[PDB]
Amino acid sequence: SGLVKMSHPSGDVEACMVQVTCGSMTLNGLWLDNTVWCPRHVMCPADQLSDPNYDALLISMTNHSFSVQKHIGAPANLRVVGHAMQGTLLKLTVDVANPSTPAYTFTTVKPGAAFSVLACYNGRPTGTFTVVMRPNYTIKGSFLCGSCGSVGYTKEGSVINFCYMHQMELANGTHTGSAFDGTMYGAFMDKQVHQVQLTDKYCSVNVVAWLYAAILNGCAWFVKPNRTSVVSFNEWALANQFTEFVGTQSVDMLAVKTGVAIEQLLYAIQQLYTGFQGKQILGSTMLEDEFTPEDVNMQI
């Protein structure tokens, strides 16, 4: 028992990190087979960090303009042999195939899904943490300058699902990247400028999962016969900043084991939104939406 946030073991992903460097601009690269993905703002100097014609920067660039170096080991130097643009990413093709390429896939996440991040600086992994993809389409992480390109992923069996490559910071402590198809999550642009983000809804399903976890592992008190039909709750959610609760088998499993119905909870969450009191429940003091239903079962 006990409920902490966990990232996946990073060994397999760590072996794919490299440092892409375009002149004086330098960031992080993902190396799989003999392709190196990295963010496209690496080819942007400083003066034009504003309104850059990327298609012009793309044709401007030539293979000799780039460099990439594996610091992990054994290194080291790979020859950039071909380049293309794929949305906000830049798809570098390289001399050698990564002998440590895992069984991998490229998938996008939805709000409320979780993935683990490998935070790298100059192609050197430094830390990992798990994050949830937000409703406004941002993540709350901790990344510093030169962290761009650092990746997010999940593991389905032996296959490592790659879902994120960090791009930039917006707001304070709030971040975005793109998916490996090139699409920035939530439209944002790969250039820092006025692009203020939509408001943050609370992940209602994840809260519900979190509250089931708390019913296990201890208490479990606010649970009363008072309930709120998922349909009346989802109407309330529109006004009060919660997501539209859907629910799943994974959630039913949590209901059945505890013996507490979904609704008895959906009610409760309405009362702790106001009553930020308890005093606490697990964590926390009130409302964690970072813990998915997938997670909560996985930790029993």
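Counting begins at 1, following the sequence as shown.
- Stretches compared: 65-73, 34-42. Higher mean C-alpha B-factor in the entry: 65-73.
- Higher average CA B factor: 50-58, of the stretches 50-58 and 228-236.
- By the numbers in the PDB entry, the CA B factor is greatest at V193 among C120, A114, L144, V193.
- Per the deposited record, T274 carries the highest C-alpha B-factor of all listed residues (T274, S250, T243, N28).
- Among the modelled residues of its chain, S1 has a C-alpha B-factor that falls in the highest third according to the deposited record.
- Ranked against the other modelled residues of its chain, the C-alpha B-factor of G23 as given in the entry falls in the middle third.
- Among the modelled residues of its chain, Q280 has a C-alpha B-factor that falls in the highest third, as given in the PDB entry.
- Per-chain ranking of the deposited C-alpha B factor places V205 in the lowest third.
- Ranked within its chain, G173 lands in the middle third, by CA B factor from the PDB record.
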